[PDB]
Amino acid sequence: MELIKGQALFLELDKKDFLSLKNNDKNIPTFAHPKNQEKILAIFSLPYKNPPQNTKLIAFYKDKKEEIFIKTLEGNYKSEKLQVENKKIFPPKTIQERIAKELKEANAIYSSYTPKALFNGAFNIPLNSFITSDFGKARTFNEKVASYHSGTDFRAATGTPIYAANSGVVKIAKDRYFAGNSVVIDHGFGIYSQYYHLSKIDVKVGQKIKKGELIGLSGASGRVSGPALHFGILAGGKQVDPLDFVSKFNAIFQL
């Protein structure tokens, strides 16, 4: 198969006599294919930065092993050369400390696999706007990828209402350094949706939240380049293209 870097892929597999699905010694969780009962699903993601050229998964069954080969494609992401080498930058310890802590808090949350569906049918776009800045917009020195846009930015003046893309449980609901006023929702199966740079947070941590229910107001917090919404999806342990994901997810889980 072929998968563009920074995208997710729903794998279909026979349920009967299935034992495990592996990427070398790392396990990959599985879940019910909701319409077809003889099948199960797993989410596989390739990182945008530094993906392997090829990947080989193994679906072990009681009676046989089934291999899956996935070729890593490059896609057609927008990309600009960097003038100045990125290098190490030297923030104050006070900030270093905050970042490093908020990172730990994030990694703990994103490696807390919920093995049931908390969602309710398809995802909807968090607001009825348009994309100002695409996912995957990269900045490169020597065609090595230094950074990229980990989400997608919608047009939103400060105070534009934002709605949960799908049902779930709120895991983050506070101001953070890079993300500004962040909200992150666990939808189950390692699928998290992200809403950043809010001007206002209207939810707590631990709160069960309905699809289309209000989670906050768009803003510009922690954002250099003005008011907007930054929407993100983490799935199969990686930041991925949110619209591409939504479209694949919905194709399967449509109400």
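Start at 1 and count along the sequence shown; that's the residue number. We call the rigid core the largest set of C-alpha positions that still match within 1.5 Å between the two forms.
Participant: Please pick 113-121 or 82-90, whichever has its Cα atoms farther from the shown form in 8 other deposited structures of this protein after a rigid core fit.
Facilitator: More C-alpha displacement in 8 other deposited structures of this protein shows up in 82-90.
Participant: Fit on the core, then compare CA atoms: does 217-225 or 189-197 lie farther from this form in 8 other deposited structures of this protein?
Facilitator: When 217-225 and 189-197 are compared in 8 other deposited structures of this protein, 217-225 lies farther out.
Participant: Do the C-alpha atoms of 142-150 or of 162-170 have the higher average B factor in the entry?
Facilitator: If you average the C-alpha B-factors of 162-170 and of 142-150, the larger mean comes out for 142-150.
Participant: Do the CA atoms of 84-92 or those of 102-110 have the higher mean B-factor in the entry?
Facilitator: Averaging CA B-factors over each stretch, the winner is 84-92.
Participant: Sorting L46, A42, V203, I191 by Cα temperature factor from the record, which one lands on top?
Facilitator: Highest C-alpha B-factor among the listed options: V203.
Participant: What third of its chain, lowest, middle or highest, does the C-alpha temperature factor of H197 fall into?
Facilitator: According to the entry, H197 has a C-alpha B-factor in the chain's lowest third.
Participant: Lowest, middle or highest third of the chain for the C-alpha temperature factor of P115?
Facilitator: Within its chain, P115 is a lowest-third residue by C-alpha B-factor, going by the deposited values.
Participant: Test of reading the entry: by CA B factor among the chain's modelled residues, which third contains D25?
Facilitator: Highest third - that is where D25 ends up once the chain's C-alpha B-factors are sorted.
Participant: Would you mind ranking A8 by its C-alpha B-factor against the rest of the chain and naming the third, lowest, middle or highest?
Facilitator: It falls in the bottom third of the chain.
Participant: Taking the values exactly as deposited, rank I58 by C-alpha B-factor within its chain and report the matching third: lowest, middle or highest.
Facilitator: Answer is middle: the recorded C-alpha B-factor places it there.
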